[PDB]
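Have a look below at one chain only, the form deposited in one PDB entry, in structure tokens format.
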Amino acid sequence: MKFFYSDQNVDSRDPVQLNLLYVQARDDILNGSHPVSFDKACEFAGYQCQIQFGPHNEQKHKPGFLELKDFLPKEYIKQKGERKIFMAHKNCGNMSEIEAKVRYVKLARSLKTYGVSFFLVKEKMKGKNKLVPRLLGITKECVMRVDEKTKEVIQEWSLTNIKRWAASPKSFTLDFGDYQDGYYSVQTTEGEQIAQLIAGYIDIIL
């Protein structure tokens, strides 16, 4: 099931409710709840700058001005994206605080990762001692594998195509029956939590 997001839903919000949506979307990105690419994180941060400081001011917003911890998810603090952030901030021109929050919320809703519950798991490659980290996302409609570093969506399965599933204290397993050869099984210490989430979306045969 493919959902279309409303553009008007965002614009029609009351300043109060808009701020509420913004804070929620912003916090999810900053705390890692909503995984985004480095480029996108800087784009969001640019809007955040416009919102917190007003129009970009070269006389004050110089290299080293930003506390990156407050503008980027932790995994990007080292890639030093202040340059990109300031470029996005400057690109906002004289955009109002309201317009910036609107674009922020729409940008978040435009991503395939929006509204997805993610878990960091490890995939095992046949005969290869070294695992491959991967973001496993779940929604009422689907399951998706996401690149841990780039956040590229590499695979998606409809939740209704899961024939059966299982969990253990060290793994999580999905069986799609004839849709593919073999299970999708990953190592994780959160398998039981993942299985419970899925059980809240699809019922179990008793």
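Shifts are known only where both forms have a C-alpha. When you see a residue number, it is the position in the sequence shown, counting from 1. Only the largest set of C-alpha atoms that superpose within 1.5 Å between the two forms is called the rigid core.
The records show that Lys128 is omitted from the coordinate set of at least a third of the other eligible entries of this protein. Looking at 181-189 and 13-21 together, the entry lists the larger mean B-factor for 13-21, computed on C-alpha atoms.
Here the stretch with the larger average CA B-factor, out of 141-149 and 60-68, is 60-68.
The residue among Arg164, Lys170, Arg26, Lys40 whose C-alpha atom has the highest B-factor in the PDB entry is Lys170. Across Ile77, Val105, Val116, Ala88, the greatest Cα temperature factor reported in the deposited entry is at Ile77.
In this PDB entry, the Cα temperature factor of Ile98 sits in the top third of its chain's modelled residues, the highest group. When the CA B factors of the chain's modelled residues are split into thirds, the value for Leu120 lands in the middle one. Ranked by Cα temperature factor within the chain, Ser158 sits in the lowest third according to the deposited record.
What follows is about the form deposited with a partner chain bound, which we do not show.
Mapping the unseen interface onto this chain, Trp165 counts among the residues with a heavy atom inside 4.5 Å of its partner chain in the deposited bound form. For the chain shown alone, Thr139 is not a contact residue for its partner chain in the deposited bound form, no non-hydrogen atom being within 4.5 angstroms.
Contact check for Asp28: every heavy atom lies farther than 4.5 Å from its partner chain in the deposited bound form. In the deposited bound form, at least one heavy atom of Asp175 sits within 4.5 Å of a heavy atom of its partner chain. Shown without its partner, this chain lists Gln180, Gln52, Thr160, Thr150 as candidates; in the deposited bound form, only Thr160 has a non-hydrogen atom within 4.5 angstroms of its partner chain. Contact with its partner chain in the deposited bound form, defined as any heavy atom within 4.5 Å, is confined among 142-150, 36-44, 66-74, 165-173 to 165-173. Once both forms are overlaid on the rigid core, the distance between the two CA positions of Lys128 between the shown form and the other one is 2 angstroms or more.
Identified as moving between the shown form and the other one on the superposed core are the stretches 125-129, 178-181, 203-206, each made of at least three consecutive residues whose Cα atoms shift by 2 Å or more.
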